[PDB]
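Enquirer: Sharing input.cif, mmCIF, N, CA, C and O atoms; chains and numbers go by the auth columns:
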```
data_upload
#
loop_
_atom_site.group_PDB
_atom_site.id
_atom_site.type_symbol
_atom_site.label_atom_id
_atom_site.label_comp_id
_atom_site.label_asym_id
_atom_site.label_seq_id
_atom_site.Cartn_x
_atom_site.Cartn_y
_atom_site.Cartn_z
_atom_site.B_iso_or_equiv
_atom_site.auth_seq_id
_atom_site.auth_asym_id
ATOM 1 N N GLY A 1 -7.808 -10.039 -0.249 0.00 1 A
ATOM 2 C CA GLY A 1 -7.750 -11.007 0.832 0.00 1 A
ATOM 3 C C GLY A 1 -9.128 -11.345 1.364 0.00 1 A
ATOM 4 O O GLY A 1 -10.036 -10.514 1.339 0.00 1 A
ATOM 5 N N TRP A 2 -9.284 -12.573 1.850 0.00 2 A
ATOM 6 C CA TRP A 2 -10.565 -13.012 2.390 0.00 2 A
ATOM 7 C C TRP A 2 -10.426 -14.378 3.055 0.00 2 A
ATOM 8 O O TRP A 2 -11.194 -14.722 3.955 0.00 2 A
ATOM 9 N N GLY A 3 -9.444 -15.152 2.606 0.00 3 A
ATOM 10 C CA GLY A 3 -9.215 -16.473 3.162 0.00 3 A
ATOM 11 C C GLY A 3 -8.863 -16.417 4.634 0.00 3 A
ATOM 12 O O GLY A 3 -9.018 -17.402 5.358 0.00 3 A
ATOM 13 N N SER A 4 -8.385 -15.259 5.081 0.00 4 A
ATOM 14 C CA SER A 4 -8.012 -15.091 6.481 0.00 4 A
ATOM 15 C C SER A 4 -7.712 -13.625 6.783 0.00 4 A
ATOM 16 O O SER A 4 -7.101 -12.927 5.976 0.00 4 A
ATOM 17 N N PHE A 5 -8.147 -13.167 7.954 0.00 5 A
ATOM 18 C CA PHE A 5 -7.919 -11.783 8.356 0.00 5 A
ATOM 19 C C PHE A 5 -6.462 -11.575 8.752 0.00 5 A
ATOM 20 O O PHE A 5 -5.704 -12.533 8.900 0.00 5 A
ATOM 21 N N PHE A 6 -6.072 -10.314 8.921 0.00 6 A
ATOM 22 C CA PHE A 6 -4.703 -9.992 9.301 0.00 6 A
ATOM 23 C C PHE A 6 -4.388 -10.544 10.687 0.00 6 A
ATOM 24 O O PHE A 6 -3.621 -11.496 10.827 0.00 6 A
ATOM 25 N N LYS A 7 -4.986 -9.940 11.708 0.00 7 A
ATOM 26 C CA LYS A 7 -4.763 -10.378 13.081 0.00 7 A
ATOM 27 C C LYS A 7 -3.269 -10.458 13.380 0.00 7 A
ATOM 28 O O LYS A 7 -2.646 -9.463 13.750 0.00 7 A
ATOM 29 N N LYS A 8 -2.699 -11.649 13.215 0.00 8 A
ATOM 30 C CA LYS A 8 -1.276 -11.847 13.470 0.00 8 A
ATOM 31 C C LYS A 8 -0.444 -11.259 12.333 0.00 8 A
ATOM 32 O O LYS A 8 0.301 -10.299 12.528 0.00 8 A
ATOM 33 N N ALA A 9 -0.579 -11.840 11.145 0.00 9 A
ATOM 34 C CA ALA A 9 0.163 -11.369 9.981 0.00 9 A
ATOM 35 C C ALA A 9 -0.458 -11.912 8.697 0.00 9 A
ATOM 36 O O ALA A 9 -1.091 -12.967 8.701 0.00 9 A
ATOM 37 N N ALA A 10 -0.276 -11.181 7.602 0.00 10 A
ATOM 38 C CA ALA A 10 -0.825 -11.596 6.315 0.00 10 A
ATOM 39 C C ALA A 10 -0.023 -12.760 5.737 0.00 10 A
ATOM 40 O O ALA A 10 1.082 -13.053 6.192 0.00 10 A
ATOM 41 N N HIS A 11 -0.591 -13.417 4.731 0.00 11 A
ATOM 42 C CA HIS A 11 0.075 -14.546 4.093 0.00 11 A
ATOM 43 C C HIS A 11 0.516 -15.570 5.134 0.00 11 A
ATOM 44 O O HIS A 11 1.582 -16.174 5.010 0.00 11 A
ATOM 45 N N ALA A 12 -0.307 -15.763 6.158 0.00 12 A
ATOM 46 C CA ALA A 12 0.012 -16.719 7.212 0.00 12 A
ATOM 47 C C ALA A 12 0.247 -18.105 6.618 0.00 12 A
ATOM 48 O O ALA A 12 0.102 -18.307 5.412 0.00 12 A
ATOM 49 N N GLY A 13 0.609 -19.056 7.473 0.00 13 A
ATOM 50 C CA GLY A 13 0.860 -20.412 7.024 0.00 13 A
ATOM 51 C C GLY A 13 -0.409 -21.102 6.566 0.00 13 A
ATOM 52 O O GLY A 13 -0.955 -21.952 7.271 0.00 13 A
ATOM 53 N N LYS A 14 -0.880 -20.734 5.378 0.00 14 A
ATOM 54 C CA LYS A 14 -2.095 -21.330 4.832 0.00 14 A
ATOM 55 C C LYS A 14 -2.293 -20.902 3.380 0.00 14 A
ATOM 56 O O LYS A 14 -2.199 -21.719 2.464 0.00 14 A
ATOM 57 N N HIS A 15 -2.564 -19.617 3.179 0.00 15 A
ATOM 58 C CA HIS A 15 -2.772 -19.091 1.834 0.00 15 A
ATOM 59 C C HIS A 15 -1.448 -19.014 1.079 0.00 15 A
ATOM 60 O O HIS A 15 -1.425 -18.776 -0.128 0.00 15 A
ATOM 61 N N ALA A 16 -0.347 -19.216 1.801 0.00 16 A
ATOM 62 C CA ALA A 16 0.979 -19.168 1.191 0.00 16 A
ATOM 63 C C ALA A 16 1.992 -19.901 2.065 0.00 16 A
ATOM 64 O O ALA A 16 3.079 -19.391 2.338 0.00 16 A
ATOM 65 N N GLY A 17 1.627 -21.105 2.501 0.00 17 A
ATOM 66 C CA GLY A 17 2.503 -21.902 3.342 0.00 17 A
ATOM 67 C C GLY A 17 3.598 -22.579 2.539 0.00 17 A
ATOM 68 O O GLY A 17 3.743 -23.802 2.576 0.00 17 A
ATOM 69 N N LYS A 18 4.372 -21.781 1.811 0.00 18 A
ATOM 70 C CA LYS A 18 5.458 -22.320 1.000 0.00 18 A
ATOM 71 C C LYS A 18 4.941 -23.404 0.062 0.00 18 A
ATOM 72 O O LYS A 18 5.721 -24.152 -0.528 0.00 18 A
ATOM 73 N N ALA A 19 3.621 -23.487 -0.070 0.00 19 A
ATOM 74 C CA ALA A 19 3.008 -24.486 -0.938 0.00 19 A
ATOM 75 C C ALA A 19 1.541 -24.152 -1.183 0.00 19 A
ATOM 76 O O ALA A 19 0.888 -24.763 -2.028 0.00 19 A
ATOM 77 N N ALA A 20 1.032 -23.174 -0.441 0.00 20 A
ATOM 78 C CA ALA A 20 -0.360 -22.762 -0.585 0.00 20 A
ATOM 79 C C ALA A 20 -1.294 -23.954 -0.410 0.00 20 A
ATOM 80 O O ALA A 20 -1.440 -24.778 -1.313 0.00 20 A
ATOM 81 N N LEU A 21 -1.923 -24.038 0.759 0.00 21 A
ATOM 82 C CA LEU A 21 -2.844 -25.132 1.049 0.00 21 A
ATOM 83 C C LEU A 21 -2.122 -26.479 0.971 0.00 21 A
ATOM 84 O O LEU A 21 -1.794 -27.072 1.999 0.00 21 A
ATOM 85 N N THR A 22 -1.877 -26.955 -0.246 0.00 22 A
ATOM 86 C CA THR A 22 -1.193 -28.230 -0.433 0.00 22 A
ATOM 87 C C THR A 22 -0.830 -28.429 -1.901 0.00 22 A
ATOM 88 O O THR A 22 -0.737 -29.560 -2.379 0.00 22 A
ATOM 89 N N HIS A 23 -0.627 -27.321 -2.612 0.00 23 A
ATOM 90 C CA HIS A 23 -0.273 -27.379 -4.031 0.00 23 A
ATOM 91 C C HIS A 23 1.232 -27.560 -4.203 0.00 23 A
ATOM 92 O O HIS A 23 2.019 -27.105 -3.374 0.00 23 A
ATOM 93 N N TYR A 24 1.624 -28.228 -5.285 0.00 24 A
ATOM 94 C CA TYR A 24 3.038 -28.461 -5.555 0.00 24 A
ATOM 95 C C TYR A 24 3.230 -29.042 -6.952 0.00 24 A
ATOM 96 O O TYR A 24 4.358 -29.211 -7.414 0.00 24 A
ATOM 97 N N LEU A 25 2.121 -29.344 -7.621 0.00 25 A
ATOM 98 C CA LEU A 25 2.181 -29.905 -8.966 0.00 25 A
ATOM 99 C C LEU A 25 2.925 -28.954 -9.902 0.00 25 A
ATOM 100 O O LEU A 25 4.144 -29.040 -10.049 0.00 25 A
#
```
Starting from the file, give its structure as structure tokens.

Expert:
Amino acid sequence: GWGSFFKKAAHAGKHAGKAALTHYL
């Protein structure tokens, strides 16, 4: 991990926002 610290929770809405950033291809 490095894209974001734990703080609240891991895999927050960003590195794995049900699409990761904005991927879907």

Enquirer: Just give me the gap between CA of residue 9 in chain A and CA of residue 22 in chain A in Å, one decimal is fine.

Expert: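 So the answer is 19.9 Å.
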
Enquirer: To one decimal in Å, tell me the separation between CA of residue 2 in chain A and atom N of residue 16 in chain A.

Expert: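 If I compute the distance from CA of residue 2 in chain A to atom N of residue 16 in chain A, I get 12.0 Å.
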
Enquirer: Report, in Å with one decimal, the straight-line distance from atom O of residue 8 in chain A to atom N of residue 20 in chain A.

Expert: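 Separation between atom O of residue 8 in chain A and atom N of residue 20 in chain A: 18.3 Å.
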